[PDB]
**Student:** 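Okay, handing you the structure first.
So you know, we letter chains A, B, ... as the sequences are listed, proteins then strands, and number each from 1.
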Amino acid sequence: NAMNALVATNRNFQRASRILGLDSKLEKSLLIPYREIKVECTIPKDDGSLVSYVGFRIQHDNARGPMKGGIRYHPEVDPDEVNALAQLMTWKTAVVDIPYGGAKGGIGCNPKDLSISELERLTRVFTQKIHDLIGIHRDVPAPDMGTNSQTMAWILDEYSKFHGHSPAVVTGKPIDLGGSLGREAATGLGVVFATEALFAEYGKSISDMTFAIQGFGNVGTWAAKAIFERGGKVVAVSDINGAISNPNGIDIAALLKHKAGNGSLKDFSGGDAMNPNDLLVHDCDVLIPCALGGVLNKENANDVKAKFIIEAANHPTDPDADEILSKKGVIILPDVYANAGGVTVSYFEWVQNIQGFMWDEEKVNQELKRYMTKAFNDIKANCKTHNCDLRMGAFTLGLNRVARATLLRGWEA
Amino acid sequence: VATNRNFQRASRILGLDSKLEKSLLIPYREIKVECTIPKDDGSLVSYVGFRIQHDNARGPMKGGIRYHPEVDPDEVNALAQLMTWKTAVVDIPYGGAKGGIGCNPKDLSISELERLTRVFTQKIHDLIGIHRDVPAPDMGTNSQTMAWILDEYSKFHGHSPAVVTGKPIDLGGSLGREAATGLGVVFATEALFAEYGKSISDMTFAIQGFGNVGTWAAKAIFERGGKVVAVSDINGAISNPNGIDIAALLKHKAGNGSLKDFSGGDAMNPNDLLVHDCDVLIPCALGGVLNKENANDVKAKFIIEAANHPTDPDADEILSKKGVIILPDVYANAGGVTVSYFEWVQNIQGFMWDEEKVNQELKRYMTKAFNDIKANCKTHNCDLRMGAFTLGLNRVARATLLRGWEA
Amino acid sequence: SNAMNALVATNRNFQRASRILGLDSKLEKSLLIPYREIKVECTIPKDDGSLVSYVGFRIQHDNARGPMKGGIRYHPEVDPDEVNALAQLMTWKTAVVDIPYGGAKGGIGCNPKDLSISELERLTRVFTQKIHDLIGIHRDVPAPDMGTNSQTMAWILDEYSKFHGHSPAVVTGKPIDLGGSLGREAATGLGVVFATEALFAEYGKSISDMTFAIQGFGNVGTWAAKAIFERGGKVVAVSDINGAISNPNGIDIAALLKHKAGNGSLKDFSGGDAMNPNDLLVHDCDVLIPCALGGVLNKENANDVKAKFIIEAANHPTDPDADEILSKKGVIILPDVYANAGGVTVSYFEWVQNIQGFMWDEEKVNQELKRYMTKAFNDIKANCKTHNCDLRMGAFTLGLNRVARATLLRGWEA
Ligand SMILES: NC(=O)c1ccc[n+]([C@@H]2O[C@H](COP(=O)([O-])OP(=O)(O)OC[C@H]3O[C@@H](n4cnc5c(N)ncnc54)[C@H](O)[C@@H]3O)[C@@H](O)[C@H]2O)c1
Ligand SMILES: NC(=O)c1ccc[n+]([C@@H]2O[C@H](COP(=O)([O-])OP(=O)(O)OC[C@H]3O[C@@H](n4cnc5c(N)ncnc54)[C@H](O)[C@@H]3O)[C@@H](O)[C@H]2O)c1
Ligand SMILES: [Ca+2]
Ligand SMILES: [Ca+2]
Ligand SMILES: [Ca+2]
Ligand code: NA
Ligand code: NA
């Protein structure tokens, strides 16, 4: 089904390089990651027996600043996937013009199969094995699929044994350990700010549309909530265990309460249970993938009903699907812009930490809006001077900014 | 003895479990180091310096350095633990510490005190730090002491202005530092009063003590229209039922005048201050002044504890029965430690604030802290003293639990 | 060896200010000795593979008030006494405007015009390798100077960061795309105007009240002239050392700016009258602003100056004989150590923005610049009253006393 994640991302990178006319030698430098790290992570389970994993940290580019990107605990984590995600962070940070490069990490494990004490030990061992490589001004992790603010607390705590109290070494922290107000909701809310900027160009409002949402974690819950509050009609939601639909709109606040009491989507009373395999091809105006990458591919792209796709997940649409969907008249707001709210507020968390003084939530949200608005305006102008679609307008915008910084730094030893 | 019972009560109010409680009572780290220097005449003297680092779950530790003899370890430990709670009460990102040198600084020359300070810094240079443990002045030490610690520490770790607070302005100290505690008392009083719908401008005040805290609090009250009807210090007292002209009074103190010889009031017995007719009583000078003998004769309906522990538990109950509200010391006099945080912030950001910004941030922190204390009081159905204690204790507990325990 | 304009001015001024303050002679001796002097071998392969060896250097004069600060000159004339004097002057200058730095000065004895861009980059990176442990965000923060520029700073940043991690604050003057500050090009000229505004307020006058003659039309002259023009000042004469134009109605500085943009020269400009650039300093005006050159006011022309105010934007336009004649004529001289400090003040702001991890917009940079410059004038004015002295000594006594106080508070025991 899914195209190789790194093959897909490199095809977009090649398409973007051609638009900019990049010299092949500069292009090759920008493609190769700065550093790839794979480390053994062996822990005792709660009964004392050993389990061994491999942890990864791919540091793709640091021309524009310390590297930035989250840590995924998921059974399909592998070098290709982490490499593709890391490269995308390099472009995304540059799209929103925050002073970071790109990185990504992960462990190939299933968190549902580990106890909370095992997850803590695994997280601390991973931190021990990379403590030299990450750092406030080197590489700053954060959550991603299968990790959360408690995971980041353990990274902070273990890292600080080696280098002293270092709040800014990781973002997505709990509020009570130096996290930023607004960070938990930031990706989902930024999706909404990105969607509003796009709909403004077409003269539409969120309240005009129906929505289908794949995935219901940190990104999908906050995105659905924010859409729901602004009058959007959310007609289907899936997660790994099932899905729920309602053509008149799901009461998202009620669905989230039901979820917080350990209810499953399929059992929610204000909707009809559905097969999650039918989510991406469900009738809707706007489709928002909020789970795995590569899920829109040559096999299902012709059956997409949506007129808009908002890429909240990282690389949910492969290049085969891009072209099919373009010919169906579908507009795709690309991941490196639409889901950048998270890393943007991560930047603000990091700033607050190094300034030793936290901001109020209204300032975090004012700055998020300003960053997301400016990035969209830059993409629009870039699509014009280069006469390209939104994915390429954002991709070339970030790639060109990375090239500039790379060229200023130079190459002598 | 009463301190351990009090911590247990606060712990049980919060529902902490015994294992967490035991951990919170054990200090993170205790250090003692030999400090030997040549005297001015070349002969040696040897002292022991120490630092009790109580807790660092919420950030770098913070606390004073005392140059004073007759060191009592139990009392040093108690004060380090108190700083852990106090920093959490006003929500500044520090834990608690206390240190010192067992010496009598009156017996040392200024060059001997400098050498002793530098040697002590040499002996603890890897255990203090901008993000590790940030000392401050205390009994027997001052901003000059801090300057020497900074200078010697920076030889080891590079220029590190935020390694200590209380610095001279000329070496990175903060504007507003001298007035911080007295002014913070007043911002705290304004927050308390607004909760009852009252304003400083409609209250009368009696103030015990006219030193660093009492002078600045009186000034700030006077400038907000408060009527200061009585003031005492160690040598005398002065009363005026229509309000003392505090600007005039501060001028008279500067010229080495006495409170009793001030013309803008009537001299009074300083032993009569706490029982003076007023709306608001502010003990600023001494602890242990309100006890079972005099608490029934207090006439104020609000007591603002600027001094540390002015009120014993007998008095607390007596005054509660009389419907008196007591703003507790741990919060009310926290403006000094709060501005010390701002000093550290300004240092780390490399860019100092003007005095207006320091004072606005101080008012902001003191106001939010009051509202957090009051909300906690509603949650646990307790008075302000216990509400403040449980707020601080719970914040430390929460950070500790989030950090976790696996190696 | 011991004789350039900046050496004589600084040690004359240091000595005079030290006596006004009554500084102890042992403290004075310590303040004159630099903290540390560094010379390092810098050998590189040229593009053709052959070696060349230069000597790089950094004089670190004083750090009582903070990390040291100062430029890196790539220039073949290296005069050790002049380098020391300039590092010392930065110590006083930073103190005058109350920025938390001491002074330094460094460079490489080379002619950068003989080197390719790749050679300059290797030379810069090797120099950085040789001094990486002696500079740093909280130790010593270089900046551009004669023969170096923002590209030079990018290379220092990049190489230094190999040894210590990303360290944007290790140098100022960076490209905007690598953490440089907005407002840098205008900073010195705009600061001159902020300083002039403060001075004139003391007389209850405004720039719109005055006529101006400006010597120099480079980075400082253009921006000062632009900012004066926009505030209603009448710029009646401008010289660029090669030509000069006079207009008693006021020159249209906007028109003159566009003309310089069209690669025209001052003598080419049609919106005024031909004048001899050597007559600029004695031109009729209320305010004279020497921007381009030093030593130009001397005992032979001081008495023909017509201005009531002299704003020393350039470094050291006024020699000792002229300074005396002009004071006796009643002329008020805003001294260079203060008046042109806008550049170093905004370099302080760049370091702050880097340390804070978040860049300011240009409006904020310029509000902060005006605040720093205004407060420094008021402090200088206070010191003039305390010591009954002219503005130049009010400034030097202010900066010297701030360094002395910080030194005495830090103390002397080991
Ligand atoms: N967390 C952030 O700040 C952030 C920022 C930008 C983008 N992203 C991206 O958003 C996506 C989701 O991240 P998250 O933080 O929400 O993760 P999460 O672990 O919080 O939740 C992931 C969600 O996806 C669901 N899911 C997993 N496999 C699925 C499948 N096969 N079908 C349907 N649903 C499935 C899970 O059940 C869960 O509801 C990822 O691509 C991530 O990289 C995350
Ligand atoms: N930042 C701070 O100064 C700070 C911080 C926390 C707590 N406190 C509390 O405030 C108290 C006062 O601190 P300070 O800096 O104002 O001290 P200070 O030495 O500057 O002034 C003390 C004042 O108390 C008076 N006094 C002493 N004994 C008295 C007595 N028996 N009756 C009446 N007046 C008497 C003195 O004459 C003087 O007026 C401390 O002892 C402590 O309890 C101070
Ligand atoms: Ca690369
Ligand atoms: Ca011994
Ligand atoms: Ca010296
Ligand atoms: Na001696
Ligand atoms: Na070559």
Side-chain angles (χ1 to χ4, degrees), chain A residues 62-66 99-101 135-138 168 354 405 408-410 412-413, chain B residues 130 154 157-161 347-351, chain C residues 35-36 38 40 42 56-60 63 66-74 87 90 94 99-108 121 123-145 148-181 184 343-344 346-359:
Chain A
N62 69 351
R64 296 186 56 264
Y100 288 142
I136 293 169
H137 294 286
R138 289 194 296 273
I354 71 165
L408 280 171
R409 287 180 176 276
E412 300 285 337
Chain B
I130 290 169
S154 295
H157 296 288
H159 184 55
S160 298
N347 291 152
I348 274 158
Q349 298 190 12
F351 192 70
Chain C
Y35 176 83
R36 185 158 55 190
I38 312 290
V40 286
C42 298
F57 59 90
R58 187 63 165 182
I59 303 305
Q60 295 183 329
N63 65 356
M68 286 155 297
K69 198 74 190 70
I72 298 290
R73 302 145 80 80
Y74 287 0
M90 183 66 43
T94 54
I99 60 184
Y101 294 140
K105 184 72 90 184
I108 306 178
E121 179 183 351
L123 178 61
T124 302
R125 290 182 183 269
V126 168
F127 183 43
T128 302
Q129 289 185 6
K130 297 305 205 80
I131 68 175
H132 72 87
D133 270 333
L134 302 169
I135 64 169
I137 291 171
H138 298 284
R139 185 165 300 111
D140 182 13
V141 177
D145 202 330
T148 63
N149 56 35
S150 65
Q151 178 67 81
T152 318
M153 302 297 106
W155 291 327
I156 296 172
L157 169 62
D158 194 64
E159 197 73 359
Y160 177 90
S161 290
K162 298 179 178 176
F163 292 89
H164 298 96
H166 283 277
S167 298
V170 76
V171 287
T172 60
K174 295 186 294 300
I176 299 290
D177 289 334
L178 296 178
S181 181
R184 182 170 69 248
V344 68
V346 173
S347 82
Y348 168 55
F349 300 162
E350 177 173 334
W351 179 89
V352 171
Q353 291 167 73
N354 293 145
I355 281 171
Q356 296 182 346
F358 192 96
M359 305 310 289

**Student:** Drop me the distance from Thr128(C)'s OG1 to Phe163(C)'s CZ, to the nearest 0.5 angstrom.
**Tutor:**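 CZ of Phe163(C) is found 9.0 Å from OG1 of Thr128(C).
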**Student:** Return a table of donor-acceptor pairs under 3.5 angstrom between the side chains of residues 129-136 of chain C and protein atoms on other chains or two or more places apart.
**Tutor:**
| residue | atom | partner | partner atom | Å |
| --- | --- | --- | --- | --- |
| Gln129(C) | NE2 | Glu159(C) | OE2 | 2.9 |
| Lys130(C) | NZ | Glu41(C) | O | 2.8 |
| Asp133(C) | OD1 | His164(C) | NE2 | 3.4 |

**Student:** Grab the two heavy atoms, one from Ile355(C) and one from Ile354(A), that are nearest each other, plus how far apart they are.
**Tutor:**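 Looks like O-CD1, 3.3 Å.
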**Student:** Any chance the side chains of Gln353(C) and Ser181(C) put a donor and an acceptor closer than 3.5 Å?
**Tutor:**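 Checked: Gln353(C)/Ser181(C) side chains pair up, N/O donor to acceptor below 3.5 Å.
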**Student:** What are the two closest non-hydrogen atoms of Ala405(A) and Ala63(A), and how far apart are they?
**Tutor:**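 Smallest heavy-atom distance, with atoms named: CB-O, 3.8 Å.
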**Student:** Look at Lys69(C) together with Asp140(C) and state whether they make a salt bridge at an N to O cut-off of under 4.0 Å.
**Tutor:**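 Salt bridge flag = no for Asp140(C) with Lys69(C).
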**Student:** Do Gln151(C) and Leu408(A) have side-chain heavy atoms sitting under 4.5 Å apart?
**Tutor:**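 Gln151(C) reaches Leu408(A) side chain to side chain.
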**Student:** Answer yes or no: is there a donor N or O on one side and an acceptor on the other, between the side chain of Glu121(C) and the main chain of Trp155(C), under 3.5 Å?
**Tutor:**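 No: the side chain of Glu121(C) does not pair with the backbone of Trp155(C).
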**Student:** Would a 4.5 Å heavy-atom cut-off, applied to side chains only, mark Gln349(B) and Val352(C) as touching?
**Tutor:**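 They are not in contact (no side-chain heavy atoms under 4.5 Å apart), so the answer is no.
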**Student:** List the steps and the verdict of side chain to side chain contact (heavy atoms under 4.5 Å, CB included) for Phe127(C) and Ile72(C).
**Tutor:** CA-CA 11 Å; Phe127(C) 183 43; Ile72(C) 298 290; 4.1 Å; yes
**Student:** Quick one: are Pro66(A) and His166(C) in side-chain contact, heavy atoms under 4.5 Å?
**Tutor:**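 The answer is yes, as the side chains (C-beta and beyond) meet within the 4.5 Å cut-off.
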**Student:** For the backbone of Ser150(C) and the side chain of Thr152(C), can you confirm whether one donor and one acceptor N or O come within less than 3.5 Å of each other?
**Tutor:**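 Here the side-chain-to-backbone pair does not exist.
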**Student:** About how many Å separate CG of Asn149(C) and NZ of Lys174(C), when rounded to the nearest 0.5 Å?
**Tutor:**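 Taking NZ in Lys174(C) and CG in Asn149(C), the distance rounds to 14.0 Å.
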**Student:** So, for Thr172(C) and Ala143(C), which heavy atoms are closest and what is the spacing to 0.1 Å?
**Tutor:**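 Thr172(C) and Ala143(C) have their closest heavy atoms at OG1-CB, 3.5 Å.
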**Student:** Would you check if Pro144(C) and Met153(C) make a side-chain contact, meaning some heavy-atom pair closer than 4.5 Å?
**Tutor:**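 SC-SC contact between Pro144(C) and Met153(C) confirmed.
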**Student:** Taking NZ, NE, NH1 and NH2 as the nitrogens, is one of them in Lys105(C) or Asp145(C) under 4.0 Å from a carboxylate oxygen of the other?
**Tutor:**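 So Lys105(C) pairs with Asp145(C) through a salt bridge.
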**Student:** Can you tell me if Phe358(C) has over 12 outside heavy atoms packed within less than 6.0 Å of its CZ?
**Tutor:**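 Check passes, neighbour count above 12.
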**Student:** So which heavy atom on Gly350(B) is nearest to which on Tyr348(C), and how close?
**Tutor:**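 Closest pair (atom of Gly350(B), atom of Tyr348(C), distance): O-OH, 2.6 Å.
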**Student:** Is any side-chain heavy atom of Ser154(B) closer than 4.5 Å to a side-chain heavy atom of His138(C)?
**Tutor:**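 No, too far: nothing below the 4.5 Å cut-off.
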**Student:** So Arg409(A) and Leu157(C), side chain to side chain contact (heavy atoms under 4.5 Å, CB included) or not? Walk me through it.
**Tutor:** CA-CA 8 Å; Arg409(A) 287 180 176 276; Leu157(C) 169 62; 4.3 Å; yes
**Student:** Relative to the ring of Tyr101(C), is the ring of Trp351(C) parallel (under 30°), tilted (30 to 60°) or perpendicular (over 60°)?
**Tutor:**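 Taking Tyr101(C) first and then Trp351(C), their aromatic rings stand perpendicular (interplane angle over 60°).
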**Student:** Ignoring hydrogens and angles, tell me if any N or O in the side chain of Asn62(A) forms a donor-acceptor pair with the backbone of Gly65(A) under 3.5 Å.
**Tutor:**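 Checking the backbone N and O of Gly65(A) against the side chain of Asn62(A), no donor-acceptor pair under 3.5 Å is found.
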**Student:** Is a side-chain N or O of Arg125(C) found less than 3.5 angstrom from the main chain of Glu412(A), in a donor-acceptor match?
**Tutor:**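 Pair found, side chain donor or acceptor close to backbone of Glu412(A).
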**Student:** Rounded to the nearest 0.5 Å, how far does CE of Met68(C) lie from CZ of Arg139(C)?
**Tutor:**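 Answer rounded to 0.5 Å: 8.5 Å.
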**Student:** Are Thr124(C) and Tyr74(C) close enough that a side-chain donor and a side-chain acceptor fall under 3.5 Å?
**Tutor:**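 There is such a pair between these side chains.
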**Student:** Taking atom SG of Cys42(C) and atom CD1 of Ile108(C), what is their separation to the nearest 0.5 Å?
**Tutor:**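 Result: 4.5 Å between the selected atoms.
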**Student:** Heavy atoms, side chains only, cut-off 4.5 Å: are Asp158(C) and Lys162(C) in contact?
**Tutor:**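 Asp158(C) vs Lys162(C): side chains touch.
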